[PDB]
There are 2 protein chains.
Amino acid sequence: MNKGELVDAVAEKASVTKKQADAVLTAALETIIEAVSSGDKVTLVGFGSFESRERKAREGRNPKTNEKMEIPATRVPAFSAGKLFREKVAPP
Amino acid sequence: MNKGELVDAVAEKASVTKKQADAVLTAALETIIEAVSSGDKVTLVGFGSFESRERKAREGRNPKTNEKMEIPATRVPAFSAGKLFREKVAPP
DNA sequence: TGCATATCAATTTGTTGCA
DNA sequence: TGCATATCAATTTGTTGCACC
């Protein structure tokens, strides 16, 4: 399933337009990204949360030259699936 | 941020109602979960993808009885943030 | 796209049960 | 959500760069 297909399915459950539902899902996706980047945790009860996570510098290795090197510290977006989501993927 | 706060923020950006936007956002979240469960990979352009992943059985330990135990094989929801999301979180 | 080094290396998650 | 076990043990991603695996 892609964005479009999702938009289609959604328009139906809530009852709006393709243009509409698209506009709204987008608003949410861009807002999620913004919040996480700006250091906020996005929480969505049952579905899961999004957060940015710090990553320390770590040593890696050049597969070409075989030299040791340092992978600099970074920040990554992270997701944690909420309970309802986990339990639909793996029914207890 | 929470669903509600996301709802409030979303209603504005795309131009809808709070009861409306919510119902929409909800639709999408249920559908994502439903899709991922049935083995459907959800790929949203300019955000990331959701999929279900196999996990083999693995070793654990009962913190009560301190007995070694086997955690059964399962499936878990996984999120794969796209390039845009990653670059916003961590400018290149 | 996928896949590859390193006898990697920093990281995530789960295990019970109750608060 | 948290705590509290293992001198845990699977998991993930990335290092640079080809067209394999």
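Worth knowing before you read on, the calculation uses all heavy atoms, side chains too, and leaves out hydrogens, waters and symmetry mates. Chain A is the first sequence line, chain B the second, and so forth, proteins listed ahead of strands; every chain is numbered from 1.
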Examine distances only and state if a side-chain atom of B:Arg75 and a backbone atom of B:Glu54 form a donor-acceptor pair shorter than 3.5 Å.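 Side chain of B:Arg75 to backbone of B:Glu54: no pair is present.
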Under 4.5 Å between any side-chain heavy atoms of B:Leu44 and A:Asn2, yes or no?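 They are not in side-chain contact.
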Taking the [atom1] atom of each, how far is [N] from [M], in whole Å?
N	M	atom1	answer
C:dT7	D:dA19	P	25 Å
D:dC21	D:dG17	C1'	14 Å
D:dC20	D:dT16	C1'	15 Å
C:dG14	D:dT12	P	13 Å
C:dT5	D:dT15	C1'	9 Å

Between [N] ([atom2]) and [X] ([atom1]): distance, integer Å:
X	N	atom1	atom2	answer
A:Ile71	C:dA9	CD1	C1'	8 Å
B:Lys68	C:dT15	NZ	P	15 Å
A:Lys64	C:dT5	NZ	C1'	9 Å
B:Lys56	D:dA10	NZ	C1'	11 Å
A:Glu59	C:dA9	CD	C1'	9 Å
A:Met69	C:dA9	CE	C1'	12 Å
B:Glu54	D:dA10	CD	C1'	15 Å
B:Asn62	C:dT16	CG	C1'	6 Å

Look at B:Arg61 and C:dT13 and indicate whether a side-chain polar atom (N or O) is within less than 4.0 Å of OP1 or OP2. no
Side chain of A:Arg58 (C-beta onward), nearest among C:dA9, D:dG17, C:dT15: C:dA9
Ring centres of A:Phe85 and B:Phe79 under 6.0 Å apart?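 No, too far apart.
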Pick the nucleotide of DNA chain C nearest each of A:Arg53 and B:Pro63; which residue has the one closer to the 5' end?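 Between the two, 5'-proximity favours A:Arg53.
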Relative to the 5' end of DNA chain C, which residue comes earlier, A:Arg86 or A:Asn66, by the nucleotide with the nearest heavy atom?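 In this pair, the answer is A:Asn66.
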What's A:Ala57 touching, base or sugar-phosphate or nothing? Going by heavy atoms closer than 4.0 Å.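 Sugar-phosphate contact only.
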Watson-Crick or G-U wobble pair, C:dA10 with D:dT13, both distances under 3.5 Å: no
Just checking: do D:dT11 and C:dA9 form a pair, Watson-Crick or wobble, with both of the defining distances under 3.5 Å?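 No, C:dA9 does not pair with D:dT11, since the Watson-Crick or G-U wobble distances are not both under 3.5 Å.
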Scan every strand shown for a Watson-Crick or G-U wobble partner of D:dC21, both distances under 3.5 Å, and answer none if you come up empty.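 Partner of D:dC21: none found under 3.5 Å.
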With a 3.5 angstrom cut-off on both distances, give the Watson-Crick or G-U wobble partner of C:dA4, or none if there isn't one.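 WC or wobble partner is D:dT16.
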My parser flags sugar pucker from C1'-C2'-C3'-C4'; what should it report for D:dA10, north or south?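 South, since the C1'-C2'-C3'-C4' torsion of D:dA10 has a negative sign.
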North or south: which describes the sugar of D:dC3, going by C1'-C2'-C3'-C4'? south
Check for me whether D:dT5 stacks on D:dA4 (ring centroids under 5.5 Å, interplanar angle under 30°).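 Not stacked: D:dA4 and D:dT5 fail the distance or angle limit.
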Given the cut-offs of 5.5 Å for six-ring centres and 30° for planes, are D:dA6 and D:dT7 stacked? no
Please evaluate residues B:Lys68 and B:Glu59 with respect to the criterion salt bridge (charged side-chain N to carboxylate O under 4.0 Å, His left out), reporting the C-alpha separation (whole Å), side-chain torsions for both, the decisive distance (0.1 Å), and the verdict. CA-CA 7 Å; B:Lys68 188 97 165 177; B:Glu59 305 177 27; 2.5 Å; yes
Could you check whether atom NZ of B:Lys88 has more than 12 heavy atoms from other residues, nucleotides or ligands sitting under 6.0 Å from it? no
Can you name the closest pair of heavy atoms from B:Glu5 and B:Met1 and give their distance?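 For B:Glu5 versus B:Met1, the nearest heavy atoms are OE1-CA, 3.1 Å.
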Working note: A:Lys3 + B:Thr43, criterion side chain to side chain donor-acceptor pair (under 3.5 Å); need CA distance, chi angles, decisive distance, verdict. CA-CA 7 Å; A:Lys3 189 173 170 205; B:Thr43 316; over 6 Å; no
Want to settle it: does B:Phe79 or B:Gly60 sit nearer the 5' end of DNA chain D, counting the closest nucleotide to each?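 Counting from the 5' end, the first nearest nucleotide belongs to B:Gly60.
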